[PDB]
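Shown next: data14.cif, containing mmCIF, C-alpha atoms and all ligand atoms.
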data_final
#
loop_
_atom_site.group_PDB
_atom_site.id
_atom_site.type_symbol
_atom_site.label_atom_id
_atom_site.label_comp_id
_atom_site.auth_asym_id
_atom_site.auth_seq_id
_atom_site.Cartn_x
_atom_site.Cartn_y
_atom_site.Cartn_z
ATOM 1 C CA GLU X 1 94.874 11.685 69.551
ATOM 2 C CA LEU X 2 96.561 15.163 69.715
ATOM 3 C CA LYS X 3 99.815 15.815 67.793
ATOM 4 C CA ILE X 4 101.675 17.810 70.559
ATOM 5 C CA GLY X 5 104.897 19.578 69.404
ATOM 6 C CA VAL X 6 107.888 19.144 71.777
ATOM 7 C CA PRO X 7 111.119 21.190 71.446
ATOM 8 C CA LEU X 8 114.217 19.048 70.592
ATOM 9 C CA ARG X 9 116.645 20.741 73.096
ATOM 10 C CA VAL X 10 120.441 20.130 72.636
ATOM 11 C CA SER X 11 121.267 21.783 76.069
ATOM 12 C CA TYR X 12 119.530 22.083 79.543
ATOM 13 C CA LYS X 13 117.758 18.733 78.910
ATOM 14 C CA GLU X 14 116.461 18.677 82.569
ATOM 15 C CA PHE X 15 113.443 20.737 81.264
ATOM 16 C CA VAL X 16 112.656 18.765 78.040
ATOM 17 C CA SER X 17 114.682 16.049 76.179
ATOM 18 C CA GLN X 18 113.864 13.297 73.615
ATOM 19 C CA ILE X 19 114.656 9.743 74.960
ATOM 20 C CA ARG X 20 117.713 8.317 73.057
ATOM 21 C CA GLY X 21 116.666 5.827 70.287
ATOM 22 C CA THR X 22 113.014 7.092 70.150
ATOM 23 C CA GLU X 23 111.296 9.987 68.307
ATOM 24 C CA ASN X 24 107.917 10.198 70.179
ATOM 25 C CA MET X 25 109.206 9.622 73.774
ATOM 26 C CA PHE X 26 110.376 12.562 75.978
ATOM 27 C CA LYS X 27 111.364 13.193 79.639
ATOM 28 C CA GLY X 28 112.028 16.343 81.715
ATOM 29 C CA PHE X 29 110.541 18.868 84.206
ATOM 30 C CA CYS X 30 108.054 20.225 81.599
ATOM 31 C CA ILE X 31 106.824 16.771 80.404
ATOM 32 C CA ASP X 32 106.246 15.614 84.053
ATOM 33 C CA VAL X 33 104.292 18.840 84.854
ATOM 34 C CA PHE X 34 102.179 18.384 81.665
ATOM 35 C CA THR X 35 101.515 14.651 82.446
ATOM 36 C CA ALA X 36 100.565 15.370 86.108
ATOM 37 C CA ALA X 37 98.325 18.259 84.830
ATOM 38 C CA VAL X 38 96.424 16.060 82.283
ATOM 39 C CA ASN X 39 95.850 13.399 85.047
ATOM 40 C CA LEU X 40 93.865 15.922 87.208
ATOM 41 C CA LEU X 41 91.526 16.533 84.189
ATOM 42 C CA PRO X 42 88.053 14.920 84.422
ATOM 43 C CA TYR X 43 88.373 13.457 80.842
ATOM 44 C CA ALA X 44 91.079 11.549 78.866
ATOM 45 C CA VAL X 45 93.573 13.470 76.612
ATOM 46 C CA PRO X 46 95.448 11.097 74.234
ATOM 47 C CA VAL X 47 98.739 12.759 73.034
ATOM 48 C CA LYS X 48 101.480 11.937 70.485
ATOM 49 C CA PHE X 49 104.624 13.997 71.254
ATOM 50 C CA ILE X 50 106.241 15.137 67.948
ATOM 51 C CA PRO X 51 109.849 16.433 68.092
ATOM 52 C CA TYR X 52 110.377 19.956 66.667
ATOM 53 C CA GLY X 53 114.051 20.655 65.804
ATOM 54 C CA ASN X 54 116.938 19.275 63.652
ATOM 55 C CA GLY X 55 118.682 17.766 66.750
ATOM 56 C CA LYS X 56 121.879 19.836 66.085
ATOM 57 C CA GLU X 57 120.736 23.242 67.561
ATOM 58 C CA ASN X 58 117.830 24.310 69.841
ATOM 59 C CA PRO X 59 114.896 25.168 67.505
ATOM 60 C CA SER X 60 113.203 28.630 67.152
ATOM 61 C CA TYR X 61 110.421 28.347 69.814
ATOM 62 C CA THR X 62 108.425 31.073 67.913
ATOM 63 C CA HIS X 63 108.413 28.993 64.642
ATOM 64 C CA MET X 64 107.581 25.848 66.730
ATOM 65 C CA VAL X 65 104.493 27.751 68.093
ATOM 66 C CA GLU X 66 103.542 28.897 64.508
ATOM 67 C CA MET X 67 103.111 25.155 63.586
ATOM 68 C CA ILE X 68 99.954 25.204 65.835
ATOM 69 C CA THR X 69 98.465 27.989 63.600
ATOM 70 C CA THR X 70 99.374 26.087 60.331
ATOM 71 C CA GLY X 71 97.452 23.108 61.889
ATOM 72 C CA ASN X 72 100.640 20.894 62.010
ATOM 73 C CA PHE X 73 100.413 20.654 65.881
ATOM 74 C CA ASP X 74 97.200 20.491 67.997
ATOM 75 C CA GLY X 75 99.425 22.073 70.733
ATOM 76 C CA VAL X 76 103.018 22.584 72.055
ATOM 77 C CA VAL X 77 104.429 21.362 75.432
ATOM 78 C CA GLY X 78 107.939 22.469 76.544
ATOM 79 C CA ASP X 79 109.933 25.332 78.162
ATOM 80 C CA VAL X 80 107.975 27.952 76.104
ATOM 81 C CA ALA X 81 108.006 31.633 77.203
ATOM 82 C CA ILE X 82 104.483 33.210 77.082
ATOM 83 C CA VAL X 83 105.522 36.408 75.188
ATOM 84 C CA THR X 84 103.353 39.045 73.449
ATOM 85 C CA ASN X 85 104.027 38.212 69.721
ATOM 86 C CA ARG X 86 103.355 34.471 70.515
ATOM 87 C CA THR X 87 100.092 35.224 72.521
ATOM 88 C CA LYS X 88 98.912 37.243 69.432
ATOM 89 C CA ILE X 89 98.603 33.975 67.354
ATOM 90 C CA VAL X 90 97.821 31.147 69.937
ATOM 91 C CA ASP X 91 96.401 30.598 73.478
ATOM 92 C CA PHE X 92 98.937 29.686 76.231
ATOM 93 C CA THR X 93 97.898 28.131 79.553
ATOM 94 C CA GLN X 94 98.723 30.122 82.697
ATOM 95 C CA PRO X 95 102.456 29.904 83.577
ATOM 96 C CA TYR X 96 103.292 26.550 85.316
ATOM 97 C CA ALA X 97 106.852 28.003 85.837
ATOM 98 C CA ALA X 98 107.973 31.612 86.584
ATOM 99 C CA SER X 99 110.733 32.940 84.253
ATOM 100 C CA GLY X 100 112.188 36.325 83.184
ATOM 101 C CA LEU X 101 115.286 37.743 81.446
ATOM 102 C CA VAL X 102 118.412 38.519 83.552
ATOM 103 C CA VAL X 103 122.019 39.631 82.868
ATOM 104 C CA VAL X 104 124.768 37.106 83.867
ATOM 105 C CA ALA X 105 128.332 38.538 84.087
ATOM 106 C CA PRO X 106 131.577 37.918 86.046
ATOM 107 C CA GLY X 107 131.539 39.068 89.716
ATOM 108 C CA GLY X 108 132.572 42.754 89.916
ATOM 109 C CA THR X 109 132.399 43.883 86.207
ATOM 110 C CA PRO X 110 131.329 47.442 85.262
ATOM 111 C CA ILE X 111 128.019 45.810 84.067
ATOM 112 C CA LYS X 112 125.520 46.172 86.978
ATOM 113 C CA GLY X 113 122.137 45.889 85.127
ATOM 114 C CA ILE X 114 120.455 45.499 81.675
ATOM 115 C CA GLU X 115 120.611 49.358 81.478
ATOM 116 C CA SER X 116 124.469 49.622 81.867
ATOM 117 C CA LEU X 117 124.890 46.714 79.359
ATOM 118 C CA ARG X 118 122.787 48.564 76.688
ATOM 119 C CA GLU X 119 124.871 51.808 76.787
ATOM 120 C CA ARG X 120 128.239 49.952 76.356
ATOM 121 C CA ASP X 121 129.645 48.647 72.963
ATOM 122 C CA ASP X 122 130.633 45.142 74.262
ATOM 123 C CA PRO X 123 129.164 41.834 72.938
ATOM 124 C CA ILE X 124 126.149 40.043 74.566
ATOM 125 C CA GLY X 125 125.463 36.269 74.601
ATOM 126 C CA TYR X 126 121.914 34.907 74.053
ATOM 127 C CA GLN X 127 120.534 31.311 73.816
ATOM 128 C CA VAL X 128 120.099 29.991 70.217
ATOM 129 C CA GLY X 129 116.313 29.772 69.451
ATOM 130 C CA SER X 130 115.291 32.056 72.401
ATOM 131 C CA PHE X 131 112.815 35.006 71.994
ATOM 132 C CA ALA X 132 115.635 36.880 73.853
ATOM 133 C CA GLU X 133 117.230 37.673 70.414
ATOM 134 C CA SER X 134 113.941 39.355 69.196
ATOM 135 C CA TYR X 135 113.600 41.401 72.460
ATOM 136 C CA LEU X 136 117.285 42.591 72.251
ATOM 137 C CA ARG X 137 116.845 43.882 68.637
ATOM 138 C CA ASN X 138 113.282 45.342 68.690
ATOM 139 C CA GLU X 139 112.512 46.551 72.283
ATOM 140 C CA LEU X 140 116.129 47.357 73.424
ATOM 141 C CA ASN X 141 117.344 48.014 69.817
ATOM 142 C CA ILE X 142 120.885 46.614 70.552
ATOM 143 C CA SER X 143 122.894 46.322 67.262
ATOM 144 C CA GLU X 144 122.859 42.775 65.713
ATOM 145 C CA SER X 145 126.710 43.084 65.397
ATOM 146 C CA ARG X 146 126.887 42.849 69.266
ATOM 147 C CA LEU X 147 124.590 39.790 69.768
ATOM 148 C CA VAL X 148 126.394 36.380 69.904
ATOM 149 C CA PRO X 149 124.332 33.132 69.702
ATOM 150 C CA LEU X 150 125.344 30.385 72.239
ATOM 151 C CA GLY X 151 123.967 26.802 72.019
ATOM 152 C CA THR X 152 125.134 25.126 75.303
ATOM 153 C CA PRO X 153 126.189 26.064 78.886
ATOM 154 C CA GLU X 154 129.798 25.059 77.869
ATOM 155 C CA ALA X 155 129.414 27.732 75.104
ATOM 156 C CA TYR X 156 128.154 30.133 77.866
ATOM 157 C CA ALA X 157 131.170 29.487 80.182
ATOM 158 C CA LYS X 158 133.687 29.751 77.275
ATOM 159 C CA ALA X 159 132.359 33.113 75.935
ATOM 160 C CA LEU X 160 132.507 34.470 79.554
ATOM 161 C CA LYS X 161 136.075 33.107 80.170
ATOM 162 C CA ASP X 162 137.220 34.432 76.710
ATOM 163 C CA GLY X 163 135.444 37.799 77.309
ATOM 164 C CA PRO X 164 135.036 40.573 74.657
ATOM 165 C CA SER X 165 138.824 40.868 73.923
ATOM 166 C CA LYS X 166 138.954 37.128 72.810
ATOM 167 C CA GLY X 167 135.822 36.826 70.571
ATOM 168 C CA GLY X 168 133.658 36.116 73.658
ATOM 169 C CA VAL X 169 130.892 38.141 75.413
ATOM 170 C CA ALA X 170 130.948 40.612 78.376
ATOM 171 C CA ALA X 171 127.627 39.141 79.641
ATOM 172 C CA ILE X 172 124.768 36.757 78.670
ATOM 173 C CA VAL X 173 121.032 37.657 78.622
ATOM 174 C CA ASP X 174 118.802 34.603 79.226
ATOM 175 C CA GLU X 175 115.698 33.444 81.151
ATOM 176 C CA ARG X 176 116.416 32.747 84.849
ATOM 177 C CA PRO X 177 115.762 28.944 84.893
ATOM 178 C CA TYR X 178 118.551 28.252 82.291
ATOM 179 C CA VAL X 179 120.786 30.842 84.066
ATOM 180 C CA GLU X 180 120.138 29.212 87.500
ATOM 181 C CA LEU X 181 121.194 25.743 86.136
ATOM 182 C CA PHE X 182 124.296 27.269 84.408
ATOM 183 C CA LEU X 183 125.381 28.976 87.692
ATOM 184 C CA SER X 184 124.990 25.671 89.669
ATOM 185 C CA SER X 185 128.141 24.459 87.815
ATOM 186 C CA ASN X 186 129.759 27.938 87.377
ATOM 187 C CA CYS X 187 129.729 29.829 90.757
ATOM 188 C CA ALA X 188 132.376 32.324 89.376
ATOM 189 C CA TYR X 189 129.483 34.298 87.711
ATOM 190 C CA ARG X 190 126.357 36.029 89.163
ATOM 191 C CA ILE X 191 123.012 37.594 88.031
ATOM 192 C CA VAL X 192 123.717 41.404 88.008
ATOM 193 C CA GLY X 193 120.652 43.665 88.552
ATOM 194 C CA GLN X 194 117.127 42.185 88.857
ATOM 195 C CA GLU X 195 114.799 40.256 86.511
ATOM 196 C CA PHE X 196 113.633 42.742 83.784
ATOM 197 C CA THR X 197 110.885 40.636 82.064
ATOM 198 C CA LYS X 198 108.100 38.611 83.829
ATOM 199 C CA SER X 199 107.429 36.248 80.845
ATOM 200 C CA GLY X 200 106.613 32.809 82.416
ATOM 201 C CA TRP X 201 106.426 29.319 80.788
ATOM 202 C CA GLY X 202 103.151 27.823 79.517
ATOM 203 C CA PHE X 203 101.615 25.180 77.239
ATOM 204 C CA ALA X 204 100.580 26.608 73.808
ATOM 205 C CA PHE X 205 97.226 25.704 72.119
ATOM 206 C CA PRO X 206 95.178 27.076 69.173
ATOM 207 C CA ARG X 207 93.211 30.323 69.949
ATOM 208 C CA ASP X 208 89.951 29.454 71.870
ATOM 209 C CA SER X 209 91.229 26.055 73.194
ATOM 210 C CA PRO X 210 89.106 24.841 76.175
ATOM 211 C CA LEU X 211 92.309 22.793 76.908
ATOM 212 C CA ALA X 212 94.283 26.034 77.621
ATOM 213 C CA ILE X 213 91.795 27.194 80.356
ATOM 214 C CA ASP X 214 91.160 23.707 81.876
ATOM 215 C CA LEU X 215 94.963 23.117 82.228
ATOM 216 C CA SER X 216 95.542 26.637 83.691
ATOM 217 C CA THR X 217 93.191 25.495 86.563
ATOM 218 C CA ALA X 218 94.965 22.066 86.710
ATOM 219 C CA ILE X 219 98.407 23.837 87.069
ATOM 220 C CA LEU X 220 96.958 25.712 90.129
ATOM 221 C CA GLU X 221 95.850 22.400 91.831
ATOM 222 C CA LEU X 222 99.458 21.066 91.291
ATOM 223 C CA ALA X 223 100.866 24.293 92.852
ATOM 224 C CA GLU X 224 98.491 24.214 95.901
ATOM 225 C CA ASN X 225 99.191 20.443 96.539
ATOM 226 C CA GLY X 226 102.963 21.286 96.342
ATOM 227 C CA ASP X 227 103.484 18.804 93.422
ATOM 228 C CA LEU X 228 104.916 21.665 91.239
ATOM 229 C CA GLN X 229 107.715 22.279 93.846
ATOM 230 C CA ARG X 230 108.035 18.461 94.160
ATOM 231 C CA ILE X 231 108.550 17.919 90.360
ATOM 232 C CA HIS X 232 110.866 21.017 90.379
ATOM 233 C CA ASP X 233 112.949 19.451 93.230
ATOM 234 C CA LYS X 234 113.089 16.109 91.264
ATOM 235 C CA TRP X 235 114.611 17.644 88.047
ATOM 236 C CA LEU X 236 116.231 20.921 89.323
ATOM 237 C CA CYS X 237 126.582 27.271 95.284
HETATM 238 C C1 LIG W 301 116.669 27.647 73.245
HETATM 239 S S1 LIG W 301 116.136 28.373 74.793
HETATM 240 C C2 LIG W 301 114.567 29.082 74.250
HETATM 241 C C3 LIG W 301 113.510 29.025 75.331
HETATM 242 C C4 LIG W 301 112.772 30.342 75.575
HETATM 243 N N1 LIG W 301 111.819 30.206 76.702
HETATM 244 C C5 LIG W 301 111.954 30.700 74.345
HETATM 245 O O1 LIG W 301 110.796 30.323 74.450
HETATM 246 O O2 LIG W 301 112.387 31.300 73.356
HETATM 247 NA NA NA W 302 86.190 16.846 75.501
#
So, in terms of structure tokens, how does the structure I just supplied come out?
Amino acid sequence: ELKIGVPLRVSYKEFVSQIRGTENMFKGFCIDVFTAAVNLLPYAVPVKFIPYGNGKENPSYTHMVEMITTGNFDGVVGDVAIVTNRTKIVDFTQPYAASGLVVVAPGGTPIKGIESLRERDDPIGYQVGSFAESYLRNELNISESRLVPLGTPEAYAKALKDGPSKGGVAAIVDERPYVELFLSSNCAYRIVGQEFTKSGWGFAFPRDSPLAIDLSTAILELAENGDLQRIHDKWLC
């Protein structure tokens, strides 16, 4: 069998979540896609899902991926952004889900885009364990004293209500899917500007995995037969 790493998410469980009272059993949008995908394969792929994470906070998805390279996982399935530093060390499938960083702020703030957020001094929220933190420090070079980790959508909504003047944030930077779910229950906020990364979600496998390529093709069949939008509709103003 394959030891497949699965992120142990504490928020936005609609994507990936451990079943309560199990350790190797998972449900969510990402699992269902992955299952469907393996079924279209011409051969059998036995998997054992292994949780990655302490169950208190969302794990570092980059460290989770690294476990493939240390030979601890034969692969990783979850809501994993295909980003450049990760692609350097493993082989992702093609994106089964489109994603990309956006700015979420209250309707009618002075913050209109990523650009206007950078030039200010005000604090920014990011999701705990997201590559977002790395991007904000290295590519956009925003000071670490401005970045505020946030574990849950409740945490999101609080830091936005509180605002900068009450140890909250002026805005949150996060991948659209999480943002879209958050806004379902919090219509008071909006995505200012456009998407400013095109990093999609994929399944991670060791460099030179025939699995990675064969599933990339599988994902396409699911998209053409409308099963991707079907599974989306089933899990996800
Ligand atoms: C805890 S949310 C992190 C998910 C994000 N796609 C990442 O891969 O870093
Ligand atoms: Na084979």
Item to check | Explicit residues for the PyMOL selection byres (((chain X and resi 9) around 8) and not hetatm) (as a PyMOL selection string) | outcome: chain X and resi 7-8+10-13+16-18+53+55+57-59
Item to check | Hits of the PyMOL selection byres (((chain X and resi 97) around 6) and not hetatm) in this structure, as a PyMOL selection string | outcome: chain X and resi 95-96+98+200-201
Checklist entry - Care to translate the PyMOL selection byres (((not hetatm)) within 10 of (chain W and resi 302)) into actual residues of this file, as a ChimeraX atom specification? => result /X:42-45,210-211
Counting only C-alpha atoms and all ligand atoms, what residues are within 7 Å of ligand LIG 301 (chain W), given as an mmCIF file with C-alpha atoms, keeping the file's coordinate frame?
data_model
loop_
_atom_site.group_PDB
_atom_site.id
_atom_site.type_symbol
_atom_site.label_atom_id
_atom_site.label_comp_id
_atom_site.auth_asym_id
_atom_site.auth_seq_id
_atom_site.Cartn_x
_atom_site.Cartn_y
_atom_site.Cartn_z
ATOM 1 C CA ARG X 9 116.645 20.741 73.096
ATOM 2 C CA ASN X 58 117.830 24.310 69.841
ATOM 3 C CA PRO X 59 114.896 25.168 67.505
ATOM 4 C CA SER X 60 113.203 28.630 67.152
ATOM 5 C CA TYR X 61 110.421 28.347 69.814
ATOM 6 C CA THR X 62 108.425 31.073 67.913
ATOM 7 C CA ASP X 79 109.933 25.332 78.162
ATOM 8 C CA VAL X 80 107.975 27.952 76.104
ATOM 9 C CA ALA X 81 108.006 31.633 77.203
ATOM 10 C CA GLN X 127 120.534 31.311 73.816
ATOM 11 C CA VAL X 128 120.099 29.991 70.217
ATOM 12 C CA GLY X 129 116.313 29.772 69.451
ATOM 13 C CA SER X 130 115.291 32.056 72.401
ATOM 14 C CA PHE X 131 112.815 35.006 71.994
ATOM 15 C CA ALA X 132 115.635 36.880 73.853
ATOM 16 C CA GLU X 175 115.698 33.444 81.151
ATOM 17 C CA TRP X 201 106.426 29.319 80.788
#
Listed atoms of stretch 110-120 of chain X, axis-aligned box, 6 Å per side: centre and edge lengths to one decimal in Å, as JSON?
{"center_x": 125.9, "center_y": 48.7, "center_z": 81.7, "size_x": 22.9, "size_y": 18.3, "size_z": 22.6}
Item to check | Gap from atom CA of residue X:203 to atom CA of residue X:76 - Å, one decimal | outcome: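 Distance between the two atoms: 6.0 Å.
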Give me, as a compact mmCIF listing (two decimals) with C-alpha atoms, in the frame of the given file, all polymer residues having an atom no more than 12 Å from stretch 219-233 of chain X, counting all atoms listed in the file and skipping those fewer than 6 positions away in the same chain.
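Here's the written file part_23.txt:
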# COMPACT_ATOMS: atom_id res chain seq x y z
CA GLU X 14 116.46 18.68 82.57
CA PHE X 15 113.44 20.74 81.26
CA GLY X 28 112.03 16.34 81.72
CA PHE X 29 110.54 18.87 84.21
CA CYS X 30 108.05 20.23 81.60
CA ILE X 31 106.82 16.77 80.40
CA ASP X 32 106.25 15.61 84.05
CA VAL X 33 104.29 18.84 84.85
CA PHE X 34 102.18 18.38 81.67
CA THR X 35 101.52 14.65 82.45
CA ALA X 36 100.56 15.37 86.11
CA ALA X 37 98.32 18.26 84.83
CA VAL X 38 96.42 16.06 82.28
CA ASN X 39 95.85 13.40 85.05
CA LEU X 40 93.86 15.92 87.21
CA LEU X 41 91.53 16.53 84.19
CA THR X 93 97.90 28.13 79.55
CA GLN X 94 98.72 30.12 82.70
CA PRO X 95 102.46 29.90 83.58
CA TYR X 96 103.29 26.55 85.32
CA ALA X 97 106.85 28.00 85.84
CA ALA X 98 107.97 31.61 86.58
CA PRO X 177 115.76 28.94 84.89
CA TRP X 201 106.43 29.32 80.79
CA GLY X 202 103.15 27.82 79.52
CA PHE X 203 101.62 25.18 77.24
CA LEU X 211 92.31 22.79 76.91
CA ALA X 212 94.28 26.03 77.62
CA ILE X 213 91.80 27.19 80.36
Item to check | Atom pair atom CA of residue X:153 / atom CA of residue X:100: separation (Å) | outcome: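 We find that atom CA of residue X:153 and atom CA of residue X:100 lie 17.9 Å from each other.
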For the structure just given, write the atoms of stretch 154-212 of chain X, namely C-alpha atoms, as a PDB file, in the first residue's frame.
ATOM      1  CA  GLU X 154     -14.134  32.891  13.645  1.00  0.00           C
ATOM      2  CA  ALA X 155     -10.535  34.204  14.162  1.00  0.00           C
ATOM      3  CA  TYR X 156     -10.840  35.855  10.675  1.00  0.00           C
ATOM      4  CA  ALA X 157     -14.178  37.606  11.497  1.00  0.00           C
ATOM      5  CA  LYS X 158     -12.931  38.749  14.960  1.00  0.00           C
ATOM      6  CA  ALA X 159      -9.647  40.311  13.679  1.00  0.00           C
ATOM      7  CA  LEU X 160     -11.722  42.159  10.989  1.00  0.00           C
ATOM      8  CA  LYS X 161     -14.388  43.350  13.527  1.00  0.00           C
ATOM      9  CA  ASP X 162     -11.606  44.392  16.019  1.00  0.00           C
ATOM     10  CA  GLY X 163      -9.580  46.066  13.200  1.00  0.00           C
ATOM     11  CA  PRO X 164      -6.004  47.464  13.592  1.00  0.00           C
ATOM     12  CA  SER X 165      -6.905  49.815  16.532  1.00  0.00           C
ATOM     13  CA  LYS X 166      -8.040  46.766  18.691  1.00  0.00           C
ATOM     14  CA  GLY X 167      -5.197  44.224  18.087  1.00  0.00           C
ATOM     15  CA  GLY X 168      -6.956  42.979  14.912  1.00  0.00           C
ATOM     16  CA  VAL X 169      -6.064  43.243  11.176  1.00  0.00           C
ATOM     17  CA  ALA X 170      -7.040  45.776   8.433  1.00  0.00           C
ATOM     18  CA  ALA X 171      -7.336  42.893   5.904  1.00  0.00           C
ATOM     19  CA  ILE X 172      -6.622  39.141   5.441  1.00  0.00           C
ATOM     20  CA  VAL X 173      -4.547  37.599   2.597  1.00  0.00           C
ATOM     21  CA  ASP X 174      -5.620  34.008   1.808  1.00  0.00           C
ATOM     22  CA  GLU X 175      -6.342  31.627  -1.105  1.00  0.00           C
ATOM     23  CA  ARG X 176      -9.768  32.233  -2.708  1.00  0.00           C
ATOM     24  CA  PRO X 177     -11.471  28.892  -1.794  1.00  0.00           C
ATOM     25  CA  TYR X 178     -11.057  29.514   2.010  1.00  0.00           C
ATOM     26  CA  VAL X 179     -12.004  33.210   1.462  1.00  0.00           C
ATOM     27  CA  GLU X 180     -15.133  32.223  -0.563  1.00  0.00           C
ATOM     28  CA  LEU X 181     -16.334  29.891   2.288  1.00  0.00           C
ATOM     29  CA  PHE X 182     -15.571  32.595   4.941  1.00  0.00           C
ATOM     30  CA  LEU X 183     -17.612  35.210   2.975  1.00  0.00           C
ATOM     31  CA  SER X 184     -20.617  32.790   2.660  1.00  0.00           C
ATOM     32  CA  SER X 185     -21.182  33.369   6.425  1.00  0.00           C
ATOM     33  CA  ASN X 186     -19.757  36.958   6.537  1.00  0.00           C
ATOM     34  CA  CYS X 187     -21.306  39.068   3.683  1.00  0.00           C
ATOM     35  CA  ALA X 188     -20.114  42.322   5.452  1.00  0.00           C
ATOM     36  CA  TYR X 189     -16.636  41.805   3.816  1.00  0.00           C
ATOM     37  CA  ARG X 190     -15.516  41.566   0.133  1.00  0.00           C
ATOM     38  CA  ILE X 191     -12.455  40.564  -1.999  1.00  0.00           C
ATOM     39  CA  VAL X 192     -10.786  43.945  -2.895  1.00  0.00           C
ATOM     40  CA  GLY X 193      -8.742  43.978  -6.154  1.00  0.00           C
ATOM     41  CA  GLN X 194      -8.238  40.779  -8.209  1.00  0.00           C
ATOM     42  CA  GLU X 195      -6.487  37.431  -7.604  1.00  0.00           C
ATOM     43  CA  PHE X 196      -2.682  38.137  -7.576  1.00  0.00           C
ATOM     44  CA  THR X 197      -1.312  34.523  -7.589  1.00  0.00           C
ATOM     45  CA  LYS X 198      -2.492  31.627  -9.868  1.00  0.00           C
ATOM     46  CA  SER X 199      -1.185  28.807  -7.570  1.00  0.00           C
ATOM     47  CA  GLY X 200      -3.775  25.950  -7.868  1.00  0.00           C
ATOM     48  CA  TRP X 201      -4.264  22.807  -5.689  1.00  0.00           C
ATOM     49  CA  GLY X 202      -2.695  19.439  -6.569  1.00  0.00           C
ATOM     50  CA  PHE X 203      -1.694  16.022  -5.207  1.00  0.00           C
ATOM     51  CA  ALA X 204       2.040  15.846  -4.256  1.00  0.00           C
ATOM     52  CA  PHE X 205       4.258  12.811  -5.141  1.00  0.00           C
ATOM     53  CA  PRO X 206       8.030  12.081  -5.169  1.00  0.00           C
ATOM     54  CA  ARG X 207       9.941  13.581  -8.186  1.00  0.00           C
ATOM     55  CA  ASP X 208       9.437  11.331 -11.309  1.00  0.00           C
ATOM     56  CA  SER X 209       6.167   9.709 -10.038  1.00  0.00           C
ATOM     57  CA  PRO X 210       4.213   8.076 -12.933  1.00  0.00           C
ATOM     58  CA  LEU X 211       1.263   8.540 -10.468  1.00  0.00           C
ATOM     59  CA  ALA X 212       1.555  12.379 -10.757  1.00  0.00           C
TER      60      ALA X 212
END
